[PDB]
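Before any questions on binding or motion, here is one chain by itself as structure tokens, the form deposited in one PDB entry.
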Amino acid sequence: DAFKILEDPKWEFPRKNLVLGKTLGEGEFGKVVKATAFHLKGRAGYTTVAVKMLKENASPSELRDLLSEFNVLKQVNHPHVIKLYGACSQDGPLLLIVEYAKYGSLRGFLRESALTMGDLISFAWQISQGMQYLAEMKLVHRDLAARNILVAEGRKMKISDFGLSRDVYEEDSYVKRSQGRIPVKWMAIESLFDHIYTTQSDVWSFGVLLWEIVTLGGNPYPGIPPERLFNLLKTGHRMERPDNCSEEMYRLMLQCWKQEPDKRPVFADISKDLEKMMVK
């Protein structure tokens, strides 16, 4: 119980066909290494992939997050969402075989910088299309931030880290909830006092994501203690306008940071707004 993983034959991949390589990163998310998979999703040769696994000092909750990420990735499929290829759940450790984003996370990619404002609007546009798809799939991401986005080949955005995702309507009789695992500076105001996470709350997190992009990986609300952030946001105060940001771009951030969730735009409208900035 809770430790035995069900073997889904649709996603199970042989362990001998997987060649693990150098570590791409490790932390409070698991262990991710570069790898190669022969005869994957059909056949014909090898494929460069990435493999996520548990750390040597993993806790049972980190296994819950890895299984939750495994479960959500089975259902989603979008060009701007990270793609699950397979898994190794039997006769050894649990390995998730997904895509490979060589430019790494978005926050790391932005801080490494030759990017014009045209690419930044494109990056926000691609993420807005992925969230559009995830909203239509009745999924709440909750942990929408720059360090959770992956920059893949072609500098294309891939939404990742579904370990804390939830359905719009809870389809289980008894779900035991993790509490306070979302970074405060990205939580919507209704999530701060009422523990409410909806699609409109992901729009709030998308506004903070816009700020991270236009500042090329900036730290939102610099120096402000997270304890005073709630009393500050409750009085209608928001972030000031960054440097590299047009008047139309900063207006989109404030709409995502409206007090009433009903007053915030939807991702279908945000995609049409960001596309117009590419045209003009």
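So that there is no doubt, residue numbering starts at 1 and follows the sequence shown. Only residues modelled in both forms are compared. Only the largest set of C-alpha atoms that superpose within 1.5 Å between the two forms is called the rigid core.
*Asks:* When the other entries of this protein are compared, is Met277 unmodelled in at least a third of them?
*Replies:* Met277: modelled in every other compared entry.
*Asks:* At least a third of the other compared entries leaving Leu6 unmodelled, is that the case?
*Replies:* Counting only entries that model residues on both sides, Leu6 is unresolved in at least a third of them.
*Asks:* Check the entry and tell me how many residues of the deposited sequence have no coordinates between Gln75 and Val76: none, 1 to 3, 4 to 9, or 10 or more.
*Replies:* Unresolved stretch here: none.
*Asks:* Determine, for stretches 164-172 and 97-105, which one has the higher mean CA B-factor as deposited.
*Replies:* 164-172 has the higher mean C-alpha B-factor.
*Asks:* Using the B-factors recorded in the PDB entry, average over the C-alpha atoms of 76-84 and of 191-199, then report which stretch comes out higher.
*Replies:* Per the PDB record, 191-199.
*Asks:* Which one of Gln90, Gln129, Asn148, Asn71 shows the biggest C-alpha B-factor in the PDB entry?
*Replies:* In this record, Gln90 carries the highest C-alpha B-factor of the candidates.
*Asks:* Among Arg181, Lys158, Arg177, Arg142, where is the Cα B factor highest in this entry?
*Replies:* It is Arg177.
*Asks:* Splitting the chain's C-alpha B-factors into thirds, which one does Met117 fall into?
*Replies:* Highest third.
*Asks:* Lowest, middle or highest third of the chain for the C-alpha temperature factor of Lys52?
*Replies:* Ranked within chain, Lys52 CA B lands in the lowest tercile.
*Asks:* Split into thirds by Cα B-factor across the chain's modelled residues, where does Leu216 land: lowest, middle or highest?
*Replies:* Middle third, going by the recorded CA B-factors of the chain.
*Asks:* By its CA B factor, does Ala35 count among the lowest, middle or highest third of the modelled residues in the chain?
*Replies:* Bottom third by C-alpha B-factor.
*Asks:* Sort the modelled residues of this chain by their C-alpha B factor and say whether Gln259 lands in the lowest, middle or highest third.
*Replies:* Top third by C-alpha B-factor.
The same protein has a further form, the form deposited in another entry, not shown here; the description that follows concerns it.
*Asks:* I want to check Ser178: does it shift between the shown form and the other one by 2 Å or more at the Cα, with the core superposed?
*Replies:* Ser178 C-alpha, core-superposed: shift of 2 Å or more.
*Asks:* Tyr169: after superposing the rigid core, is there a C-alpha shift of 2 Å or more between the shown form and the other one?
*Replies:* Yes: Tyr169 shifts by at least 2 Å between the shown form and the other one.
*Asks:* With a threshold of 2 Å on the C-alpha, tell me if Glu247 counts as moved between the shown form and the other one once the core is superposed.
*Replies:* No, the C-alpha position differs by under 2 Å between the shown form and the other one.
*Asks:* Would one find the Cα atoms of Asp172 and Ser89 closer or farther in the other form than in this form, where their distance changes by 3 Å or more?
*Replies:* Compared with the shown chain, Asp172-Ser89 is farther in the other form.
*Asks:* Which way does the C-alpha gap of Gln200 and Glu28 go in the other form, closer or farther, given it changes by 3 angstroms or more?
*Replies:* Their C-alpha distance shrinks by at least 3 Å in the other form.
*Asks:* Looking only at residues found in both forms, which runs of 3 or more have C-alpha shifts of at least 2 Å between the shown form and the other one after a core fit?
*Replies:* Flagged stretches (3+ res, CA at least 2 Å): 26-29, 42-46, 56-61, 169-180.
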